[PDB]
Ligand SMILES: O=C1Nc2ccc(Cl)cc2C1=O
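There is one chain below, alone, in structure tokens, taken in the form solved without 5-chloro-1H-indole-2,3-dione.
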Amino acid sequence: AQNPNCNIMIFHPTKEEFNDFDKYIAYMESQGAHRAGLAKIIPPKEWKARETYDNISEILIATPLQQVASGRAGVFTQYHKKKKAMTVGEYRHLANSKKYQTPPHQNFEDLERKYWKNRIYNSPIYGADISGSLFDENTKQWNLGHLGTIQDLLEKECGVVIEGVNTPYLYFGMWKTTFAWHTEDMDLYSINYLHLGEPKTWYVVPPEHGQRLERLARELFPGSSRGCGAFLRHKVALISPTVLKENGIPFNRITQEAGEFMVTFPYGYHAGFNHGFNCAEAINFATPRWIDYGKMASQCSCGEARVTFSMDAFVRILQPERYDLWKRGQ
């Protein structure tokens, strides 16, 4: 079996290999990439997402979110406090201000140390889940707005036509902006392109060991776990690498830089943080291999996990037994 230790693999496709998205995902899996839960793809030197990022300042972040932490440095939850709308230009200025700017640091490891030591004592602001794309329409390879839809995949595999659309989202981040431990909706794949700015550090648990993280999360967040048997779907829980190590949880870490893609694989738990001002674009996608994960995905029915109406059809068709209860939660 390929990649038995579940290491994060990094790929350098040629322009030729970059010409068929689906084929290259399958290729990566043939090499065992999915066992890690996360892979990095460095685009060929010939490729570009768009010409320049000189004209993005007028994008609106309708509802910036302040991420307020509760708990201890290595084991905390965060809630999202809504803030007044601002443009990307205004946001960039705020990110670079003395209050929010990245501290001096020696390297990525040093900054990681500072993050886990100090994150809870600050409340960074970020723009999340902004429908839109920064790929040029003329970018023909790995354009996240031009991928095949999950609805078409489900139709092709299962024969059923369903409503729903599948469009990309933008994220604007700053130092200490935090992504909580989660898998994707319906344990889908995701792909994330870092368009501009400072890095993102990722942590990931191999899919085969997802239940180990869930078990630890139940132990570390007992109140939340009592409230909901899939509370990680709420996307509020953080656990540091130190605590994961102490508890023997298998995981890996990697830093994504501007111009790099990251793919998360079905049931790959991941979390991370931004190093400073940046802009990323992400979208969920599916392959034939996803279907069996979709059928088995745990669901939040307690009301907390709010998702797009596009997920309705996936639960309805793949998980009919769970549908009524889940629907009540929405």
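Between two forms, the rigid core is the largest collection of C-alphas that superpose within 1.5 Å. Just count from 1 along the sequence shown to find any residue number. Residues that one form lacks are left out of the comparison.
The next section is about a form of this same protein that is not shown, the form solved in complex with 5-chloro-1H-indole-2,3-dione.
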5-chloro-1H-indole-2,3-dione placed by superposing the site C-alphas onto its pose in the entry with it bound: is the shown form open or blocked, blocked being 3 or more ligand atoms within 2.4 Å of backbone or C-beta?
blocked
Is there a heavy atom of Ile41 no more than 4.5 Å from a heavy atom of 5-chloro-1H-indole-2,3-dione in the entry with it bound?
no
Can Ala305 be called a contact residue for 5-chloro-1H-indole-2,3-dione in the entry with it bound at 4.5 Å between heavy atoms?
yes
Sequence-ordered list of residues in 273-301 near 5-chloro-1H-indole-2,3-dione in the entry with it bound, where near means a heavy atom within 4.5 Å:
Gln299, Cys300, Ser301
Upon rigid-core superposition, which contiguous segments of at least three residues exhibit Cα shifts of 2 angstroms or more between the shown form and the other one?
324-328
